[PDB]
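Engineer: Quick one: the structure is below, and I'll ask about it shortly.
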2 protein chains.
Amino acid sequence: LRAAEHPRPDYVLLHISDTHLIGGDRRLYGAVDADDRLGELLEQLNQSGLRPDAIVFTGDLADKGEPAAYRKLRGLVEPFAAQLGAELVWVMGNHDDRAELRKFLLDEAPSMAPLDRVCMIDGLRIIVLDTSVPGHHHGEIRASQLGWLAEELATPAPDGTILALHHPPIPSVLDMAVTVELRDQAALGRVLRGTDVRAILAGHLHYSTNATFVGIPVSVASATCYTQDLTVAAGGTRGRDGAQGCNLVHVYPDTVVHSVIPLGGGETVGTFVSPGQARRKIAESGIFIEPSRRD
Amino acid sequence: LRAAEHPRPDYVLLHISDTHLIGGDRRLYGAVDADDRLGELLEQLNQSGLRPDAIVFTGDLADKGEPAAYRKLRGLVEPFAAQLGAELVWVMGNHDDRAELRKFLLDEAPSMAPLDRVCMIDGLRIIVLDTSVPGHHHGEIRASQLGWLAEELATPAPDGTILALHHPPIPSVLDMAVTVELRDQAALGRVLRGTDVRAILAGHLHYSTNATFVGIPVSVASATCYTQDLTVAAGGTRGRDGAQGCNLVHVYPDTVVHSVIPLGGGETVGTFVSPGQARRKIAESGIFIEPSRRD
Ligand SMILES: Nc1ncnc2c1ncn2[C@@H]1O[C@H](COP(=O)(O)O)[C@@H](O)[C@H]1O
Ligand SMILES: Nc1ncnc2c1ncn2[C@@H]1O[C@H](COP(=O)(O)O)[C@@H](O)[C@H]1O
Ligand SMILES: [Fe+3]
Ligand SMILES: [Fe+3]
Ligand SMILES: [Mn+2]
Ligand SMILES: [Mn+2]
């Protein structure tokens, strides 16, 4: 048997974004049941047997920062995370309310301070940054937050660092996005350049997109509720009930892979290969996959 | 008015992959009309008003390398490219036949030599590499191809280089992919490291995914015909008639952005903003977008 080109990943994370839940049972913007769309995705991820180390939600958790929306989100997601054996990482978006999020999602005293946090998953550092501006929809990072971030990044983590935030430091293909983009990205760039940040996870755009920022890969997950139609007349914008999903993040020794998970379904094309059949076929092709260092 | 954080892009490319057309009118694998799926996408891209510099197809153009499939593909795509004012870049995949592709897609003498090519779009270099192995489905790059590639990359291009190939030098989240992955990626890595390659465009996986390879961003476009369901039981694989589309590539002065374009459609959620309305709203927000250097 010959080894495959890459080993199993060191870490696996789910990257979900822009859930936009509202209080009670009404359709988001009268057009899409955001609870249903998120619920369907979670159930599909659960049934797949995926066992991620962490689940990161990159902002716009509650469409109007409603306590009832946070309570509902927590009720859907906590049992999901527990069933998967995964740590849960929450991030502020422009639609969220810092105080209500703290109270109802985190069981923490209400505060209007930026939701900036750090944690470790074994040797992998996760930094949560709050790009939200209360009462506003564009992104900003205060001088104080940049100082805090620089101080945290003064030393590297063994498996490097994932930075999770809402407003991505990248260009958008949609013109309207500039009205509410992250401002003064140069200042963030000066802080991040040359640090151990291996991935920047973001949302806000409601489509799947990726780029680099000061040499660091940025990955924007699409939304669970509704997504931008990128076949819209050039210059315009149209959200639609379609193409929802999330992302999967695989951290390898030498690279980070981001993959788009659309909602499951659609009629089968080609041959379905069961996990057992796949194991047999791989062996029969004379290949084995080297186990994870964290196996 | 204040300038947006990023200018208009220097270059725009469409990145399409894995069309898998067959001769005649039958459904691909008896399950999906690949002509219809590709046709719908092309018509949507056409109607959007997008004007890309180039359209790059990263392999598996014809499902069984059929002359009739190449003739049909050319008949669909050439008028599309001409209407958009875009250059057309074709790439070999494992399903393609080098000789039939040359004859029927390129009007070139049949040859079984690797389809390795280079061209310029103004100051942007595009290198096409052939990772296919005749009679086989895994990827390989011959020593001779690596030597050719190193020699080409000995000097940089003004806007850097896009490398287009089929089998991506990245891990897959699907176990079965290892049986047909690109072999000996280390050898390619030694050639590419420290060169002006700004993006590696790839296909083969039939899902949207991205990573880095020796510090270079790799972007894998999903397929136009059928795509992998990433909610499949862990370890398994299931292709499905759903989530088809292509990618859009925006080359900026300082970064390259890849964006996923799913098939258009779905009911509108939120407010539709026309291009004219967007221009008005952006101005009213006190912002302008700096024009492209190639405007
Ligand atoms: N009228 C609008 N104003 C600002 N952003 C919009 C508008 N319509 C659509 N968008 C898009 O929606 C994204 C912000 O979504 P959200 O923060 O959920 O409201 C932006 O990045 C834009 O691409
Ligand atoms: N039996 C199989 N053998 C190899 N690859 C498979 C199989 N079933 C699904 N695939 C997937 O299909 C991709 C190759 O597609 P293609 O080159 O179009 O045949 C691989 O990267 C795998 O992820
Ligand atoms: Fe949002
Ligand atoms: Fe293919
Ligand atoms: Mn947002
Ligand atoms: Mn292929």
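Engineer: Note down the Stokes-Einstein diffusion coefficient of the stretch A:233-285 in µm²/s, whole number, using a Kirkwood radius over alpha carbon pairs, 20 °C, and 1.002 mPa s.
Structural biologist: Stokes-Einstein gives a translational diffusion coefficient of 140 µm²/s.
Engineer: With only alpha-carbon atoms counted, please give the Rg and Dmax of chain B, in Å.
Structural biologist: Cα radius of gyration and Dmax of chain B are 19.4, 60 Å respectively.
Engineer: Would you mind listing the distances between the residue B:118 label point and the same position in each other copy? Use 7 Å along Cα-to-C-beta, nm, one decimal, shortest first.
Structural biologist: Label-point distances to the other copies, shortest first: 4.6 nm.
Engineer: To make sure I understand, if each residue's beta carbon is the centre and we count other beta carbons within 10 Å, what order do A:87, B:5, A:151 fall in, fewest to most?
Structural biologist: Ordered from fewest to most neighbouring Cβ atoms within 10 Å, A:87, B:5, A:151 come out as A:151, A:87, B:5.
Engineer: Over the alpha-carbon set of the stretch B:147-281, work out the extent along each principal axis and list the three values in angstrom, largest first.
Structural biologist: Answer, in whole Å and largest first: 52, 44, 20 Å.
Engineer: Here's another thing I want to ask about it. Can you tally the net charge around residue B:182? Count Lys and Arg as +1, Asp and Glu as -1, for every other residue whose Cβ sits under 11 Å from the Cβ of residue B:182.
Structural biologist: Once all neighbours under 11 Å are counted, the net charge is -3.
Engineer: So what is the relative contact order for chain A, in percent, with contacts set as C-alpha pairs under 8 Å and at least six apart?
Structural biologist: About 23 percent, as a whole number.
Engineer: Just which residue of chain B brings its Cβ nearest the axis of rotation onto chain A, and by how many angstrom, rounded whole?
Structural biologist: B:210, 2
Engineer: Among the listed pairs A:64/B:281; A:103/B:281; A:281/B:64, give every one whose C-alpha distance is greater than 26 Å.
Structural biologist: From the list (A:64/B:281; A:103/B:281; A:281/B:64), the Cα-Cα distance tops 26 Å for A:103/B:281.
Engineer: Determine the sum of side-chain charges near residue B:156: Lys and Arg each +1, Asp and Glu each -1, restricted to other residues whose C-beta is under 12 angstrom from that of residue B:156.
Structural biologist: Once all neighbours under 12 Å are counted, the net charge is -1.
Engineer: Show the residues, 5+ positions off or on another chain, whose built amide H is closer than 5 Å to the amide H of residue A:212.
Structural biologist: The answer is A:218, B:256.
Engineer: Moving to a separate point now. Taking Rh as the Kirkwood radius computed over C-alpha pairs, what is the Stokes-Einstein D of the protein assembly as shown at 37 °C in a medium of viscosity 0.692 mPa s, expressed in µm² per second?
Structural biologist: 135
Engineer: Take the stretch B:134-189, drop everything but the C-alpha atoms, weight them equally and run the Debye formula without solvent; then report log10 I(q)/I(0) at 0.13, 0.25, 0.26 Å⁻¹ to two decimals.
Structural biologist: Listed by q, the Debye log ratios stand at -0.41, -1.11, -1.16.
Engineer: Ranking A:274, B:219, B:48 by Cβ neighbours within 10 Å, fewest first, what do you get?
Structural biologist: Fewest-to-most ranking of A:274, B:219, B:48: A:274, B:48, B:219.
Engineer: Could you tell me the distance between the Cα centroids of the stretch A:141-219 and the stretch B:225-260, to the nearest Å?
Structural biologist: Cα centroid of the stretch A:141-219 versus Cα centroid of the stretch B:225-260: 23 Å apart.
Engineer: Over chain B, what is the percentage of antiparallel beta bridges among all DSSP beta bridges, to the nearest 5?
Structural biologist: 50
Engineer: Sorted by average packing, counted as other Cβ atoms within 10 angstrom per residue and highest first, what order do A:140-148, A:173-181 take?
Structural biologist: Packing proxy ranking, top to bottom: A:173-181, A:140-148.
Engineer: Can you list, shortest first and in nm, the gaps between the label point of residue B:137 and those of its counterparts in the other copies, using a point 7 Å from Cα in the C-beta direction?
Structural biologist: Values, ascending and in nm: 4.7.
Engineer: What's the Cα-based Rg to Rh of the stretch A:163-231, Rh via Kirkwood?
Structural biologist: Looking at the stretch A:163-231, the ratio lands at 0.97.
Engineer: What number, in percent, do you get for the relative contact order of the stretch A:1-146 if the mean sequence gap of Cα pairs under 8 Å and at least 6 apart is divided by its residue count?
Structural biologist: 20
Engineer: Averaged over peptide B:173-185, how many Cβ atoms belonging to another chain are found within 10 Å of each residue's Cβ?
Structural biologist: The per-residue average across the peptide is 5.
Engineer: Along Cα→Cβ at 7 Å, what distances in nm separate the residue A:25 label point from those on the other copies, shortest first?
Structural biologist: 4.9
Engineer: Amide H neighbours of residue B:121 under 5 Å, at least 5 residues apart or on other chains, H built in the peptide plane: list them.
Structural biologist: B:126
Engineer: Average partner chain C-beta neighbours within 10 Å, per residue of B:245-252?
Structural biologist: 3
Engineer: Given N residues in the stretch B:24-101, what is its alpha carbon radius of gyration divided by 2.2 N^0.38 Å?
Structural biologist: In units of the globular-protein estimate, the stretch B:24-101 measures up at 1.11.
Engineer: Right, here's the next one. How many partner chain Cβ atoms sit within 10 Å of a residue's Cβ in peptide B:273-280, on average, as a whole number?
Structural biologist: 6
Computed from the coordinates by the stated procedures, all read-outs in this text should not be read as laboratory data. Here Cβ is always computed from backbone atoms with ideal geometry, including for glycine, and neighbour counts include all displayed protein chains.
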